[PDB]
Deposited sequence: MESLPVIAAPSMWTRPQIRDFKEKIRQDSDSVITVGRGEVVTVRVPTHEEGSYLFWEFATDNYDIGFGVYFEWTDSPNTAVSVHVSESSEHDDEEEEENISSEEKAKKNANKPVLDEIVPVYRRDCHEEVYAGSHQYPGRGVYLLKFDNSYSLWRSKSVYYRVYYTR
């Protein structure tokens, strides 16, 4: 049979303010998504790691979030359908098992927003 992709896990945590001030100590970890833009962050599968863990939050407004996997023209598998998240209120997080060797695409989708730019704080780990 063909590869069976494991379902992703997702959750939230109430402390948004503490999360940002932790990230603000790192500049490259903060992204500004422009009007009607989609900023994709590519996260290649680590040779050692079995899993990907993600965390993201926004400042004053909601933003679209989805997760795609790019194998290594290239194949693209949909893990987390892009949807608008309330992450301005809460820190949104999740995890997923490596379907194989490839590159994760974390998409922050501002397309629907005409007049409003979005500030994005994010962090990523991996497990063995």
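No alpha-carbon coordinates exist for the deposited sequence positions 1 to 2, 75 to 111, given here in order along the chain.
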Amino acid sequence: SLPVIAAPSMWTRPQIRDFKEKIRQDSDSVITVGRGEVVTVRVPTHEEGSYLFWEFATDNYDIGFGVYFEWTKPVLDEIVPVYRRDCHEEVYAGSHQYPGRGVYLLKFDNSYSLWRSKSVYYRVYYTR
From here on, numbers count along this sequence of modelled residues.
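In this crystal structure, the stretch out of 111 to 119 and 18 to 26 whose C-alpha atoms carry the higher mean B factor is 18 to 26. Per the deposited record, the Cα B-factor of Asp62 falls in the middle third when ranked against the other modelled residues of its chain. For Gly100, the recorded CA B-factor ranks within the middle third of the chain. Only modelled residues enter the ranking. Ranked against the other modelled residues of its chain, the C-alpha B-factor of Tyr92 as given in the entry falls in the lowest third. Ranked within its chain, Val33 lands in the middle third, by CA B factor from the PDB record. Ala6: CA B factor in the middle third of modelled residues in this chain (values from the PDB entry).
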